[PDB]
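Just below is one structure, and these are the notes that go with it.
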Amino acid sequence: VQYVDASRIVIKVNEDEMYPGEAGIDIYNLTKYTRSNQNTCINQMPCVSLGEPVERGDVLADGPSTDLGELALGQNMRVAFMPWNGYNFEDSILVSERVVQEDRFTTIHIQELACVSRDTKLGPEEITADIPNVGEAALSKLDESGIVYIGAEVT
Amino acid sequence: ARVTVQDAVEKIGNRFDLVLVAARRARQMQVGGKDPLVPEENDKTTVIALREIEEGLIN
Amino acid sequence: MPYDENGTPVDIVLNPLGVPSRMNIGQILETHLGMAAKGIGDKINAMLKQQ
Amino acid sequence: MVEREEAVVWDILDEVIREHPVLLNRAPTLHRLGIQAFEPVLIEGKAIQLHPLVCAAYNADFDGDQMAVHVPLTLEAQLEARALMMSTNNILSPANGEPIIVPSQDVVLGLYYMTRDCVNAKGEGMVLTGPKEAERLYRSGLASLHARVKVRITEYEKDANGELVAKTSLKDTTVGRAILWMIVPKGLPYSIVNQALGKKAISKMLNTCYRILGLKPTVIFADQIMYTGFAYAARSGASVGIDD
Amino acid sequence: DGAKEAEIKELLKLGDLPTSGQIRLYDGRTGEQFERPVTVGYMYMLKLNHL
Amino acid sequence: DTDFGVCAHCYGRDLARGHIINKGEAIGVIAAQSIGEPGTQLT
Amino acid sequence: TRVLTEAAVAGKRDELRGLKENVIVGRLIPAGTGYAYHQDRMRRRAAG
Amino acid sequence: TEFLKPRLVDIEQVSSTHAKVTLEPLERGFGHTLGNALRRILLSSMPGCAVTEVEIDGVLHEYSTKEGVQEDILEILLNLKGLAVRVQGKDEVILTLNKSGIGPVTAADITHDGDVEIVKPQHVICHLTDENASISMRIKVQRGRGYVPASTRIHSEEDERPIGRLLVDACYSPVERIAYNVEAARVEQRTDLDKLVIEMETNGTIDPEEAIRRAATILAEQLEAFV
Amino acid sequence: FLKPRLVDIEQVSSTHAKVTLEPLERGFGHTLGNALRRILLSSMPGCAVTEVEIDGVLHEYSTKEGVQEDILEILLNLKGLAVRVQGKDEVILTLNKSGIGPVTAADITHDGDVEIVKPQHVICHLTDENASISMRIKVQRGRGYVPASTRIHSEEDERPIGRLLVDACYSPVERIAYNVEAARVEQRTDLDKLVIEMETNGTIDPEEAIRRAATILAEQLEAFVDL
Amino acid sequence: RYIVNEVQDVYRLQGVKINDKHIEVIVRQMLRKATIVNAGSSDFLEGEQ
């Protein structure tokens, strides 16, 4: 591996398999916390650390529901079988506060909100750049353009 | 302790005329027309008229 | 959490009443080998902290 | 004030809910037994809780039953909820005169483990005069919940014109059945509860308590049962065995 | 033709586990041992996307 | 003998209740649902 | 539209004696809790 | 770090049957650390008094016949096991019961000592039927802690070698039914705390509220070494 | 009731230790056992990094060109960092590093109060040399588990896009069990010894914690002595 | 009485026990109209209430 980052996987390839035509190296840009079909966070994660060669047809990155090239759907831990004060009634499972206290079991749902605009026959639509009858609070979160700064939190 | 109204259906047996009677007494209680006579304990007025059904002074 | 002879808190509690009906037998066998996959880990871990 | 989530209006929230009943309903419901009423309880969360055994009435498991819980605004509907639509009143099916709700299963194995006979019994032979010290024997841990104990159950029977006649009797019962008396209202006799308790036994069991003693005893009795059903279900211990 | 009884038992007894895999746990709210040790272990989960 | 309806007697008492059927209790609709309730069950 | 014709030409005077009817007009049926309600109402109609 | 101070203790009280100590505030796991701890105390160890052993001077058995009482001698033992008695400046006192005559006998015949504190003399023991029947029994009340079943720690009087001491179980804890009831409470904007409602019932000697502070004094004992 | 007292507290490691009390009575080893476990699992002075403002990173869903792991994962390793403090209830550290290498819990600007239990805990790796990362680590001390979700109503106005907030998990303990056995006193019917096993991340001392537990239990004795 | 026997038997294949009161009001419903036989007042064959 030549330059392992989180967003890129630069491989300094061995010459016995490196192309005798314009040398060559392996660059792989990993999907970064993007949106999926089910609006769930998909992110290829760099498993191979810096300072380690690889085999041909081997792996460099994992993805969600997968770990170190192994299909990991959920998580496994200490389970016991006993009807405990109705907390296992009909379908009910009883869980230790530890899971949410660790949040090793949390899903990140990212949402894409398309903004329609651009020229109507009655007014050449711009992306605001100014909001009437309200304060500068609506713009202290936006810029001169009217686009909210990357890194905020809405609700 | 109150949880069932077996007692109430016994007095005004049509189970729906019960609804009629108690409801109206509840509103006289709402409006300061009157006030509760049979001691209440945070009960909304529908429930209080129902106490007057079990005591039997009002039906 | 119900604890064993050692004091390890359990994480999940399920209903035993569904085993005979639903007939989830392979489910419990994987539980024991899963407990065995961690049982051997228990050996390693202790003796590995001892260096 | 609610904009600031001010504690004041949450107390006024207490004034508009603590005795203001609600109606409940599910979408897939096709029957009238699927529309019932209860009293609200302020639970901090996002999901509508319920009394376990009533789910069988709605025929609602835990597979995604989204309920639309309605609010009786008018005086009429509020009383109508607590009247005919009260859970504790429609304890019979309009199809047949049998108790609509039968104790599911978790509850019953708990009491199967209550009234139960096992040959190896710790304290198998002692005597008690009160089901309350029976509590002090198993909930403490010194005795088993199966020991064949001779106890004096001074059971009662409304053989009078409404009065429960006093009749003394001693039974070769098990520890759990003595504790089962702490559950069983006087009016209901110990003879019916000197049985291993099955799903069908406990079915007609609640029905007899109704035809005999009444509805009120039965309602708050089944209530007792629910708590202790799941209670000793935990106290049960024995759950599943590969060796079996 | 997967893991058999004596095969899973060979692994349980290679760690620190008994034949039955029914370990002695005490009540999480009290401390009294659940009569006839409860069957325990590690099960693998699966969370459907129903939130 | 009651036209445009039924008498409490000819009906009875059985329902969720166990008492005399009321004048105002529309048996029509409840009959409908309780015969079609086991509809999902019939095969 | 069938119903239009069906009762329009006959001018069938149905005094709101059915449940379904009572509900589309949003009024208490002469049964249940509207029993004694419409009891006063029925002897107040064409009678008194 | 922040701490809470227990306030608003709405004591729902009824003379002697039960006291229900409503009280706030309890974060997740405190109506537990306390409620179960109390029921543990009330079923296993509560320094009180009770009858340890009773020798029926008449017929030394419990399944045999004593023509005088319609109840059996075994039923007589039941009666004994549950009587709320409480000695004070003594570890053990022996008393006597002497009744003769036709009638349902009350507990007004057992000797009242400066130590012996029979709370309810109206307590009907044995139902004496036809003809006098000179029954006499030596009831042995002792000071104990919790509950001691006469079966492992037995005395060598006339029961281990001879047969005559119809040993009873000493209900040292003057309680009947114990049950903690945790429920969702709220400190206005706060998430759900627990409004611990403790339904506790005592038989007669000790009154509900004093028992709560008596056990509290015993709980004080338990951590005096720290704070 | 004869009072309990601590015998030698078994201090073996920083990770785990065992407090031990000899003079316990009949069943009180079980009694206080579960009782105190609730205490040691809820009201516990723990430390937890809460705010991590970063030099170049705006949102924890980015990757600084130079750092190895994703920023969100690096922050979960910060949740996995065990540190105890002494006076300050709020303190900020500063990670200053540039050069290829695993950054353990030593390279941070270690404050006098700030004290890591195991400085060998690598948090993140660096793959580039000319990668200057400077981040302020705002850690505070409270108790129990407090998520930024429950704290988002106040929010403290986080308009400045550089503020990253992770969960404040003030939980020192990890695995608690208690060892009950026959106390070997030479003159008494029975007593119980209690060797309370406590597993820790390695930040709060056993006896310090038990006196705190007694203090919390002290508040909890107040009301029940005064009905 | 014939049909209530039969259909109830269907409920026997379902094991459900439902009181025929409801099934019989429905039978009454299906017989609420009747073909007149005698003439004189209205018709000689009117399917009427």
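Protein chains in written order, with the numbering used here: chain A, 12 to 166; chain B, 317 to 375; chain C, 158 to 208; chain D, 4 to 247; chain E, 2 to 52; chain F, 177 to 219; chain G, 126 to 173; chain H, 39 to 265; chain I, 2 to 228; chain J, 3 to 51. Virtual Cβ for every residue (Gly too), placed ideally from N, Cα, C.
Item                                                                                                                               : Value
Neighbour flag for residue 239 of chain F against chain D, beta carbons, 8 Å                                                       : Outside the modelled stretch of chain F, which goes from 177 to 219, sits residue 239 of chain F, for which no answer is possible.
Between the CA atoms of D:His54 and G:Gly173 - distance to the nearest angstrom                                                    : 52 Å
Per DSSP, the bridge partner or partners of A:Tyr14                                                                                : A:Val21
Residues, ordered as in the chain, of the segment 9–20 of chain E that lie near chain C by beta-carbon distance below 8 Å          : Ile9, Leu12, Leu13, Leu15, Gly16, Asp17, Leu18
Candidates H:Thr39, H:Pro44, H:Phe41, H:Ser54: closest to H:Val213 by CA position                                                  : H:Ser54
Interface positions of the segment 105–137 of chain H facing chain D (Cβ-Cβ less than 9 Å), listed along the chain                 : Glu109, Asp110, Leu112, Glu113, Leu115, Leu116, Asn117, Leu118, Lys119, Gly120
Contact set for H:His150: own chain, Cβ-Cβ below 8 Å, skip 5 residues either direction                                             : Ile156
From D:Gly144, D:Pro134, D:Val72, residue whose alpha carbon lies closest to that of D:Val25                                       : D:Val72
Nearest candidate by alpha-carbon position, reference B:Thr361, set B:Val321, B:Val319, B:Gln322, B:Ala342                         : B:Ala342
Sequence-distant residues of its chain with Cβ nearer than 6 Å to H:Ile114 (five each side left out)                               : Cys164
Endpoints, alpha helix (DSSP H) assigned at G:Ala133                                                                               : 127–133
Inter-stretch contact (C-beta, 8 Å, three-pair minimum) for the segment 45–59 of chain H and the segment 231–250 of chain H        : yes
beta-carbon D:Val222 near the ligand SAH non-hydrogen atom, thresh 7 Å                                                             : The ligand content of the structure shown is nil, which means the ligand SAH is not present either.
Pair within 8 Å by beta-carbon distance, H:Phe264 and I:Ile205                                                                     : no
Inter-stretch contact at 8 Å, needing at least 3 Cβ pairs: the segment 177–193 of chain F / the segment 86–100 of chain D          : yes
B:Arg331 at chain F interface by Cβ criterion, 8 Å                                                                                 : yes
Rounded C-alpha distance that separates G:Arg168 from D:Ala40                                                                      : 35 Å
Per-residue burial, E:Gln23 [other beta carbons within 10 Å of its own, 16 or more giving buried]                                  : buried
Closest Cα partner of C:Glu162 within the set I:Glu220, I:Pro207, I:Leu73, I:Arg176                                                : I:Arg176
Anticipated Cβ contact below 8 Å, H:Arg203 with H:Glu91, distance rounded                                                          : 6 Å
Burial state of F:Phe180 (16 or more Cβ within 10 Å)                                                                               : exposed
Proximity of E:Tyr43 and A:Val111 at Cβ, strictly below 8 Å                                                                        : no
Reference D:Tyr116, options D:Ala237, D:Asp246, D:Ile245, closest by Cα                                                            : D:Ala237
Given 8 Å, three or more beta-carbon pairs between the segment 177–189 of chain C and the segment 106–124 of chain A               : no
Min CB distance D:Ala10 to chain H below 8 Å                                                                                       : yes
C:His189 - containing alpha helix (DSSP H), residue span                                                                           : 183–206
For A:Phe92, the three-state DSSP class (helix, strand or coil)                                                                    : strand
Bounding residues of the alpha helix (DSSP H) (the contiguous stretch that carries H:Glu237)                                       : Segment 235–240 is the beta strand (DSSP E) holding H:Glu237; no alpha helix (DSSP H) there.
Residue from H:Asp153, H:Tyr185, H:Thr144 with nearest C-alpha to H:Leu166                                                         : H:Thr144
Chain F contact for J:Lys19 (CB, 8 Å cutoff)                                                                                       : no
Residue interval of the alpha helix (DSSP H) (run including D:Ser239)                                                              : 218–239
Contacts around J:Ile38, its chain only, beta-carbon distance under 7 Å, and the 5 residues preceding and following it disregarded : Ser44, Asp45, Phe46, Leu47, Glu48, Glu50
Rounded Cβ spacing between I:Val8 and I:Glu23 (contact assumed at less than 8 Å)                                                   : 4 Å
When I:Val186, I:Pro5, I:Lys98, I:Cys48 are compared against I:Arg144, the one with the closest alpha-carbon                       : I:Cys48
Delimiting residues of the alpha helix (DSSP H) encompassing B:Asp333                                                              : 333–346
Closer than 8 Å to chain L by CB, H:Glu91                                                                                          : The structure shown contains no chain L; the protein chains it does contain are A, B, C, D, E, F, G, H, I and J.
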